[PDB]
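Order as written gives the chain letters A, B, C and D; numbering starts at 1 within each chain.
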Amino acid sequence: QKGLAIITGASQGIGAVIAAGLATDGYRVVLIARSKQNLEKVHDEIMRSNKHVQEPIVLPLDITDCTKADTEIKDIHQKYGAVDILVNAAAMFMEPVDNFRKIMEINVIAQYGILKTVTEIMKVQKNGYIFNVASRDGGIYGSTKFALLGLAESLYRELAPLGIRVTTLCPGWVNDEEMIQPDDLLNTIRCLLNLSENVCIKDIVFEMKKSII
Amino acid sequence: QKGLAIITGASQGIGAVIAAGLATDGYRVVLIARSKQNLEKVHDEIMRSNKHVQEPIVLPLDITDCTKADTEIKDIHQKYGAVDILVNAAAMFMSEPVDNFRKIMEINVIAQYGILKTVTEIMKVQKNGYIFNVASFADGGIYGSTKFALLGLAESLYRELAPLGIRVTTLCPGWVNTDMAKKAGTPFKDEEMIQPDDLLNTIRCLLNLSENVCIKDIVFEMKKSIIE
Amino acid sequence: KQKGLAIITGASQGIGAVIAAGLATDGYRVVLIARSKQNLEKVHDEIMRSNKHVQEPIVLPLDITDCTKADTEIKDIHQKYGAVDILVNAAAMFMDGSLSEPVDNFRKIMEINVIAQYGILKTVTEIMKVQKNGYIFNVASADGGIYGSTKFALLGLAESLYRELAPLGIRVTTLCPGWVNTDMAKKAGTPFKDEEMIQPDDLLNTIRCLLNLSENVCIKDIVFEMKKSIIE
Amino acid sequence: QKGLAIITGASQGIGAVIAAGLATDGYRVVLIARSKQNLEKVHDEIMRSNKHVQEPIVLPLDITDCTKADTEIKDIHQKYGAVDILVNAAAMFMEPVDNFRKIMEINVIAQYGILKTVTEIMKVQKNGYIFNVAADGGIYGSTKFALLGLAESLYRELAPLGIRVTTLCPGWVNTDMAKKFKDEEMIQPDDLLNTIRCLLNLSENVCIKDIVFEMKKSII
């Protein structure tokens, strides 16, 4: 647990909890989002709750701005070294056609841009771990949800032979503790990071007890 | 009485086969593809091969232009009546990846969404209809993302349209023996692949099932593939 | 290619009875398997009344749990009538044993549904393996896990024979319908109207469609859902 | 307080590694298998391997003998109390007809029997966790699916009762049960042990039906 940890949706909920979780674990986290108001908030807390932490890297950014987002990340790669972890924890953004195109762009294209950038870096490293946090209208939501899965699926198979691992975590509801707690997703990741170097888990599906029956 | 059967990618391969077949069965097929010229040929072949068939409607169209697609199809519906079937048989399309990824999503997913929205609007009003989807390697995940997005779309509509009386079935064949197969990178002999008629006859079987039977999808596999 | 023998289990009623009838009308010489000789004969007589010129159905009074007697009878018919083109496993699901110990009920349930099925399969597949051709069709349908386990065991069996038999020219397809409109549905007290359910003919017509696909086309399974079930 | 942790296939391989792991963690583990002496080994290793540990109960038992198994498990429950965990790590025992019948008895009928007994107990406690470790004519395939259908069935049947179930489906794991091709860089038994560790620590309302472990190698 020594290199950088890029985390989208880092200023809120799950992204924030995992950011503070890996920072405590030793990684140097890169907090991506927009609010150089909400991020710093995560920055200050992290380092105000730890005896010793590498200190978070506040990178205000709109990942939907693909070109810029790619520049920002590369720059961060030039200054602070290798990237060991990428956690896609950004919340999903749910005339008809125009809206569907817009939902695909923000939820899938942008994500693809980030993976594209971070994957080039990791392959040069022959190592790295990618974590995807999912969830679970004439098909808008479904098409978008599967688009991300199929993307994860493809990367899983082609990045494995190169030492890079991909795991998508699919929980039902998470924030009332009748749901899946954010710490559950964080601890499952710590477990993942600690498995044998040759072990690959495609994904893990988290279901709420109440939802089962 | 058999109404309209709209087929996309109707000028070549699987589409041309299913279109010619449904026309023979008695539907008035609407042939959609970019080339007016190549569509007229499928149209010609049909008239020629059938004694009594409703003349296919040649609709040169780029489904990417969802606005034009909606207008044209609704005009056809107003003029010819009920739309019984939609067969999405358009071929899968595949300087900068991110923009390339967008064009691939737009052409394969966004466009089909447009056609599906138009047609389902018509079918929802009729409280009847059958939608068939014909589906079919690294690259940073572009191919799989696109494919899964179509299935996710299909999955959602299957559930949403069921109660309205509209059925949806996605057909997933491995390599299919059409000219498009040879021009693609097919390493198998004609015989070894899934045949075009297999898909058409499966669609024929689906159309004949009782009204309340729903089959989300049928996966077609090559003996050869299983062997290997 | 002349049409040969078509063996149907659970042929005296329900879905099996309907498929057997249709296959007889299609030209196959059907072998009706079930325990009731009386009821098998009624099916035999009904088919002949529907069409007197059809190949005459072979009535085979059998308890398929008697794997040895099943093997013997089936093989004699193969010796007698030739090539076995089709096997349809449509015997109903025996789901309940009135006994004290559940572990014992689980044994009996597994014996009657999986081991028995395995037996029939073993006999017919070795016949088809010699022929290098044939088509096998399976009709699927707080237990403490007893039901679910028996159901998957059957699916697990089908899935492996699918891969195992494909290269031998033998195809396997499992049909998984929700409620089907037959007398057995009535016997099971279905809460649905007849038309609301999947009709028997849909399974029969789907089997007919599979039999006409090109020889190299393999479809492991087809799932049938009732509009209502989805609407619910 | 941590109660009993029942482990089948505890005398060797994965079950062995899982048993010693849970012992070190705090549970009083019941070691089930046929070889008494081998169960003893695990017992003593665990003993000498930890400064302090609840002493493992050695239970020489052929779970094939259902009635005896149920009895033996009830005594331990009577005598020692609550059952927190049940780890089915027993190996897959593999006229063909009668042979298939035997394979089902040993692998599925027997396991059902164990689950029945343990489930009854956890039912009352309203708490508990069950962990499953997963030209033939379809025998192996059938058996494997049978076990899965059972686990899937219980998964949603026990969830509302406060009892969780998770099936761990690994590929090749490096245990000496290596009768039969990879170079000691398969799945390590510790990976399964640690995964179970993680699952035990998740919120009590989170449910994970199964986890598929693959070899970076197997994905060519």
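The criterion applied here is as follows: a residue touches a chain if its C-beta (ideal position, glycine included) is under 8 Å from a C-beta of that chain, and two chains touch if they have at least 3 such contacts.
Asker: Take the average of all CA coordinates in chain C, do the same for chain D, and state the distance between these two points in whole angstrom.
Answerer: Result: the chain centres lie 36 Å from each other.
Asker: How many Å are there between the centre of chain A and the centre of chain C, using C-alpha atoms for each centre?
Answerer: 49
Asker: With centres defined as the mean C-alpha position, give me the chain A-chain D separation in Å.
Answerer: Centres of chain A and chain D (C-alpha means) sit 34 Å apart.
Asker: Graph of touching chains, which shape: line, ring, star, complete, other?
Answerer: Graph shape, chains as nodes and touching pairs as edges: a ring.
Asker: Using the touch rule from the top of the page, what pairs of chains touch, sorted by label?
Answerer: A-B, A-D, B-C, C-D
Asker: Sort out for me which residues of chain C touch chain D in the complex.
Answerer: Touch list, chain C to chain D: 67, 102-103, 106-107, 110-111, 114-115, 118-119, 121-122, 125, 142-161, 164.
Asker: Of all residues in chain D, which touch chain A in the complex?
Answerer: Listed in rising order, the residues of chain D that touch chain A are 155-156, 159-160, 162, 185-188, 190-191, 194-195, 197-198, 201-209, 211-217, 219-220.
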